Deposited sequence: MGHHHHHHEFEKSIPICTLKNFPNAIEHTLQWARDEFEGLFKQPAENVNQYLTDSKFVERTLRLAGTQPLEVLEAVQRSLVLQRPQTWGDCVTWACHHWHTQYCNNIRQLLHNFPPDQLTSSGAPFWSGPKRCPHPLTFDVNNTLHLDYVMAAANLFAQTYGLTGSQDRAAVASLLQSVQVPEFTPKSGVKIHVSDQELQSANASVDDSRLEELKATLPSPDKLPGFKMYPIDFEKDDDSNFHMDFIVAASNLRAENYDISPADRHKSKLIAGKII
């Protein structure tokens, strides 16, 4: 499936669910895995650095972000993180896309850009009393907690209460953001060098480790499908795509 359709222009629940699975990997498995490796070899800073064009920074910064910026100390930190991520995916990034391609954007041929296999999205507004919204935080925060070896909670009332005190950084769409429309892909070594002197030294973080999570669609006692269904239906709501319940989702999730 075209990347750009997955990333920016979904039009079917299957695109949404695929995206949700991708999200699960990028949030609860990859970060932890790289972070563990970084804390194991030296061959990591180097090996990773010998990687294809843009990846080096991407990776090295996730590590930085996983070891310092977002490293949680408390369950409330996890709940906060989830709420912030929810805003990033169902609000900020949407507003950014609409910035690069306004609802009334036309093609060079004079046609509407947002037409046909494309659905123009709209940003969501967080609401604790919205089951879907809460479903998402509950699942994401718990999975996020696990990733750091923290105990989570299934107390919806408690999380709802903690959320009342969570403040979201304001967001504003930037100018030079590349959002590809076709599978046509095209500050490089100084941003990179900055990290090399920034990334804490393994020995400066005694016995710190992360717990990568392998996706298991079958264990209903997980939050795995809870996440997939929530992450997916929220994205679907961005793009005016009809939601799929847990059952249809796992059924349409033969993918």
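Taking the first deposited residue as 1, the stretches without any C-alpha atom are 1 to 13, 200 to 205, 275 to 276.
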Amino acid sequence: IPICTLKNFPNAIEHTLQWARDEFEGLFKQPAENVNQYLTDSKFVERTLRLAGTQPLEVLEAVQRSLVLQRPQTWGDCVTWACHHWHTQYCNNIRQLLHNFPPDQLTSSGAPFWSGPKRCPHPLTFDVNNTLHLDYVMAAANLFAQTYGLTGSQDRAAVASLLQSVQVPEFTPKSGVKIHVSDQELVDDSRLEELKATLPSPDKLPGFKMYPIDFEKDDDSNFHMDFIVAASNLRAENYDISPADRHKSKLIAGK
From here on, numbers count along this sequence of modelled residues.
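Looking at mean Cα B-factors across 141 to 149 and 177 to 185, the upper value is held by 177 to 185. As listed in the deposited structure, the average C-alpha B-factor of 211 to 219 and of 49 to 57 is greater for 49 to 57. As recorded in the PDB entry, 170 shows the highest C-alpha B-factor of the residues 127, 170, 135, 77. Residue 68: CA B factor in the middle third of modelled residues in this chain (values from the PDB entry).
Per-chain ranking of the deposited C-alpha B factor places residue 88 in the lowest third. Split the chain's modelled residues into thirds by C-alpha temperature factor. Residue 230 is in the lowest one.
For residue 32, the recorded CA temperature factor ranks within the lowest third of the chain's modelled residues. In the deposited entry, the Cα temperature factor of residue 95 sits in the bottom third of values across the chain's modelled residues.
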